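Novice: Supplied in structure tokens, the structure appears directly below.
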Amino acid sequence: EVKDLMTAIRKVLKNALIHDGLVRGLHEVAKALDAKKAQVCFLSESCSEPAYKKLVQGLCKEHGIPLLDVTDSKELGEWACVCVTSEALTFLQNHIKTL
RNA sequence: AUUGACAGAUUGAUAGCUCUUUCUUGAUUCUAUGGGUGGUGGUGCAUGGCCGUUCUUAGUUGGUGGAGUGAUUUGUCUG
């Protein structure tokens with residue numbers, strides 16, 4: 001392809017595990033939210049639990065830091081529920097803060 | 001998936017071992033099959049290495065030659 005359609009997810013989650021700042025699980029993502037820690041978060045397009053889907057959005061609504069979407073609840077983490085405490089991020093960064 | 005543990009229970013025990021309960025741990029481990037791993041388990045009558053004893057004594061081999069069909073002997077001897 002001509003450039004790369006959303007490899008800003010897969011490039012960063014490989015290379016961030018040099019420094020080790022990826023966080024996994026409902027407890028630990030919630031603890032990463034309830035903290036001075038989490039910088040970007042994710043959820044499934046469709047997971048289950050209206051509250052569960054809502055809670056992720058709701059927790060973010062307090063202290064900021066958005067979600068996006070991605071695809072398939074099995075194939076979220078396999079590029080590495082996600083938390084993350086240039087080059088790859090240039091596609092994401094302009095989408096997150098600005099429009 | 002596994003872990004740390006207060007105050008009671010229970011226990012000699014301020015070992016959360018296991019609990020009546022309910023907070024936490026974050027892929028190190030658990031679950032089973034194969035296979036490893038470890039032991040002051042057994043065998044010194046499977047062995048190594050070391051020590052004692054035969055032996056505190058003076059003794060012990062093979063080379064060539066001689067004797068004997070041979071085991072062996074002579075050398076290693078009467079004094």
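The chains in the structure tokens are called A, B, ... from first to last as shown; in each chain the residues are counted from 1, and the ligands are counted from 1 in the order shown.
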Show me, as a list in words, every residue of chain A with an atom at most 10 Å from chain B, counting only C-alpha atoms (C1' of nucleotides).

Specialist: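 Taking only C-alpha atoms (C1' of nucleotides) into account, residues 23, 24, 25, 27 and 28 of chain A sit within 10 Å of chain B.
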
Novice: Running DSSP on the backbone, which parts of chain A land in helix (DSSP H, G or I), as a PyMOL selection string?

Specialist: chain A and resi 8-19+26-33+50-63+77-79+90-96

Novice: I'd like to know which residues of chain A are strand (DSSP E) (by DSSP, run on the backbone); could you write them as a PyMOL selection string?

Specialist: chain A and resi 22-23+40-42+82-84

Novice: Neighbouring residues of residue 41 (chain A) were defined as those with any atom within 7 Å, considering only C-alpha atoms (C1' of nucleotides); residues of the same chain fewer than 2 positions away were excluded. Please report them as number ranges by chain.

Specialist: A: 39, 65-67, 82-84

Novice: What's the separation between CA of residue 78 (chain A) and CA of residue 38 (chain A), in Å to one decimal place?

Specialist: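 Between CA of residue 78 (chain A) and CA of residue 38 (chain A) the gap works out to 19.5 Å.
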
Novice: Kindly give the distance, in Å, that separates CA of residue 93 (chain A) and CA of residue 55 (chain A), rounded to a single decimal.

Specialist: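 CA of residue 93 (chain A) sits 24.1 Å away from CA of residue 55 (chain A).
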